[PDB]
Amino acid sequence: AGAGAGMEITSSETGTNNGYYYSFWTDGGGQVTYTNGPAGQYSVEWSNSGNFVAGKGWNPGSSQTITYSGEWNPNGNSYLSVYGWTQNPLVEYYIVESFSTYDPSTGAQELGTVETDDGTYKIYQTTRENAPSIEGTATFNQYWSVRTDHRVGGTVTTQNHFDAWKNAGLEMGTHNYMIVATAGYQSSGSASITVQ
């Protein structure tokens, strides 16, 4: 955003900015700095981070087709994803467009694949126990769609992923937020992403 960046945010916060929901979450490790830009733009910069997840989108999500653009420059473990939550049942989900040094599906049984938006995604389910959530400390399932050819930018037809997860037997609840998220853990980097 250059100058166009808003005030720097360094602790967890949510809101709506220029018509877009934003969620910034950090566990407090290292330094993580988030800024809202014009329209659907956000930037995040991080240095020896703990866990963080940040981005812009909608709350609630409604399975829309997402177009996003920008750049994503991690040095270490980071994911660029369409990211969100359902409630009842509580579910955290990821449509991973790129990951850097660590595959977040490691150790999970692959449940199938989905072909959409000129790529192929492998489908996984995991579980988090006594973990942070949009409802507080909780246990919940995580659903994953992990693109086989990593990219930064393009179109994500989220309904195709949700349909594929349901066909694989993965139940979704009522939609809470859905954002184009930059995530990191014990890494550094920067990203500047615009949700169109």
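All residue numbers refer to positions in the sequence shown, first residue = 1.
On average the C-alpha atoms of 113-121 have higher B-factors than those of the other stretch, with 113-121 and 76-84 being the two compared.
Stretches 12-20 and 173-181 differ in mean C-alpha B factor, with the higher average recorded for 12-20. The entry assigns its greatest Cα B factor, within the set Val53, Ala131, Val156, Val146, to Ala131. The PDB entry assigns its highest CA temperature factor, among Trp46, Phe140, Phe162, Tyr68, to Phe140. In the PDB entry, a CA B factor belonging to the highest third of its chain's modelled residues is recorded for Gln64. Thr33 sits in the middle third of its chain by CA B factor, as recorded in the PDB entry.
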